[PDB]
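The structure under discussion appears below in the form of structure tokens.
With ideal geometry, Cβ positions are generated from the backbone for all residues, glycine too; neighbour counts draw on all protein chains shown. Just so it is clear, none of the values below were taken in a lab; they were calculated from the coordinates.
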Amino acid sequence: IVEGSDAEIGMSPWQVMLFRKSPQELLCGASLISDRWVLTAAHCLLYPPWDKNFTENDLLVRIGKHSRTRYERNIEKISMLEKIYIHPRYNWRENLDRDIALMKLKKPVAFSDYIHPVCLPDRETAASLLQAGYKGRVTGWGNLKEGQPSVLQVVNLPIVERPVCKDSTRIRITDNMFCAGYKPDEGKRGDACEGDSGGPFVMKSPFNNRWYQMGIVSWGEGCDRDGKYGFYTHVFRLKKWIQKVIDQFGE
Amino acid sequence: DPXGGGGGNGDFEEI
Amino acid sequence: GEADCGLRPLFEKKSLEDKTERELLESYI
């Protein structure tokens, strides 16, 4: 996160850490969607251009975290995965189109003050909130500058109208994506960066006072660049896939 | 540019 | 659950507000 600030304690209790067993390093962010289900960017697991192809045995999930680096002794929960699911049509070849995957925890997690799930949007919640100008909030332990934070970082960014999204890049933008950031004229900055991937883009509904996950941190060009924007997988458009997997495999 | 590594392989505490 | 999803134990549940959530709500026009 660039130009963000320290998260308060318990501010984002769905925030997960994707952590490699050995070497020990932070793969990505992620989010807790129920007691045995974590949502992330498919590209944090599968990215053939970089030779990344992680399996269940490769990783750990760290929930309840605040500190990037410390083992948060009676706070964080660490889990093992039973199964990994990547969208069947995820596009790693040209644009990270669908960039979404689900991870099934080996055993359900017990909720606490620091560990709580986020809601998934319904057609109606999406329709009224995913609007240009509406701000959402991103969180992660990634680079601070296009450098690694001590605690969880947070930033509030406004959704940008499609056209502006399209006109900022040479990459083909699909409907499964949206972009967020301030305009150069706007005189407020911030963005996600390298290491924030797979974390949540969240909005608080004004109707029922609940937190909803709208986006997943996907990609960008550099971080916090004037006239550029971060790109996020549009969670609502991929919901049927999500339901599909949970219904065939869990809950 | 993909989110694709928090780096470190260093300052991490033992799990 | 996800029956209590999006309600943070240390904030919504106690009726406390985080330091910048109002910037969100205020943007919802």
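If you go through chain C and pick out every residue that is over 9 Å from the mean Cα position of the chain (by Cα) and of a type in the set (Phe, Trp, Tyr), you end up with 1. Taking first residues from chain B that are facing chain A (nearest Cβ under 7 Å) and partners that are of a type in the set (D, E, K, R) and surrounded by 14 or more Cβ atoms within 10 Å (Cβ to Cβ), the Cβ contacts under 6 Å between residues at least 6 apart in sequence or on separate chains come to B:1/A:221; B:3/A:196; B:8/A:25; B:9/A:25; B:13/A:70. Restricting attention to the range A:192-218, the residues that are within 14 Å of chain B (Cβ to nearest Cβ) and on the phi < 0 side of the Ramachandran plot total 12. Total residues in the range A:78-111 satisfying the condition of being surrounded by 20 or more Cβ atoms within 10 Å (Cβ to Cβ) and basic (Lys, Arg): the figure is 1. Yes or no: residue A:232 assigned to a strand (DSSP E or B) and in contact with a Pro (Cβ under 7 Å, 6 or more places away or on another chain)? No; evaluated as a whole, the condition is false for this residue. Residues in the range A:8-55 that are part of a loop (DSSP other than H, G, I, E, B), of a type in the set (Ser, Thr, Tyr) and buried (at least 20 other Cβ atoms within 10 Å of the Cβ): A:12, A:34.
Here the strands (runs of 3 or more DSSP E) wholly within the range A:67-182 that include at least 1 residues being of a type outside the set (S, T, N, Q) and within 14 Å of chain C (Cβ to nearest Cβ) are A:101-105, A:135-140, A:153-160, A:177-180.
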